[PDB]
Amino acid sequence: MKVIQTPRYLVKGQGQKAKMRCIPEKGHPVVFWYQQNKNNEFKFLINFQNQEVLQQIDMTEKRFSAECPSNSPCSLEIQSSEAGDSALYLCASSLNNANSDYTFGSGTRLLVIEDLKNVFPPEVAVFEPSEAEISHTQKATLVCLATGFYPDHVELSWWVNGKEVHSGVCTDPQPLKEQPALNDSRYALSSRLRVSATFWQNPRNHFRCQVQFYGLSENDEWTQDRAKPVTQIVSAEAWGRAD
């Protein structure tokens, strides 16, 4: 909303550059960058007032390149990515260098890995409501499964009749490992969308589980036989069904 960060997820190989962008809330000239780890620690990196740097640390000064150009988005770039850079990068805007509230963007979740060869888009499937559930409860639960993906960088949504829905939906907080005791394991994620039986039983109603996967870009090289695992949407769907 107010603060717009892109991209929401990013995967890069060791030694590559990783660039992320932030558009501060209008009327707020100070932009802060934080790095948040899995332990919910917020590590201050650098801040700008308009085009000028106000405060920062040595690491950010040596390892990153950051700028807030006039009438362009702020950016923060890791010059040579390392495993230890994997984190959630948060941009906040504020009126001042101090004594003013922060407004945060959605962040950029960066993962840095050894080999992009392990990157895989998800397969997606929709499982239709059981008749037993319909008879037992007069409700109908659809289940979406996204499977075989890596890294765990996906956003799942439900679209009914071409409109995204939120009511009646629950998606797993975190994707699970298809092989837990294994690094580089691919992931799976499930979600449910529950509607009234009568709504499911209307063949004019259409249900789609959409998975936005974040993967490679065009500039990324790919010499593998399989399709280039690019950022992409994979969906599965079902129409309502009569008795």
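One rule holds for the numbers: they count along the sequence shown, beginning at 1.
Average Cα temperature factor in the PDB entry - higher stretch of 177-185, 193-201: Taking the mean B-factor of the alpha carbons in each, 177-185 is higher.
Between 87-95 and 116-124, name whichever shows the higher mean Cα B factor according to the PDB entry. Stretch with the greater average CA B-factor: 116-124.
Have a look at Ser106, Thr171, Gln79, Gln138 and flag the one whose Cα has the highest B-factor in the entry. Out of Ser106, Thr171, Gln79, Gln138, the record gives the largest C-alpha B-factor to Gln79.
Out of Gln210, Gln35, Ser217, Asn47, which shows the largest CA B-factor listed in the entry? That would be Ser217.
Comparing against every modelled residue in the chain, figure out the third that the C-alpha B-factor of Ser235 lands in (lowest, middle or highest). It falls in the bottom third of the chain.
With respect to C-alpha B-factor, does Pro73 fall in the lowest, middle or highest third of the chain as deposited? Tercile = highest for this residue's CA B-factor.
Going by the CA temperature factor in the PDB record, which third of the chain does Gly162 belong to: lowest, middle or highest? For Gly162, the deposited C-alpha B-factor lands in the highest third.
Split the chain's modelled residues into thirds by Cα B-factor; is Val30 in the lowest, middle or highest one? According to the entry, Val30 has a C-alpha B-factor in the chain's lowest third.
Using the B-factor values recorded in the entry, state whether the Cα atom of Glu133 falls in the lowest, middle or highest third among the modelled residues of its chain. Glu133: CA B-factor falls in the lowest third of its chain.
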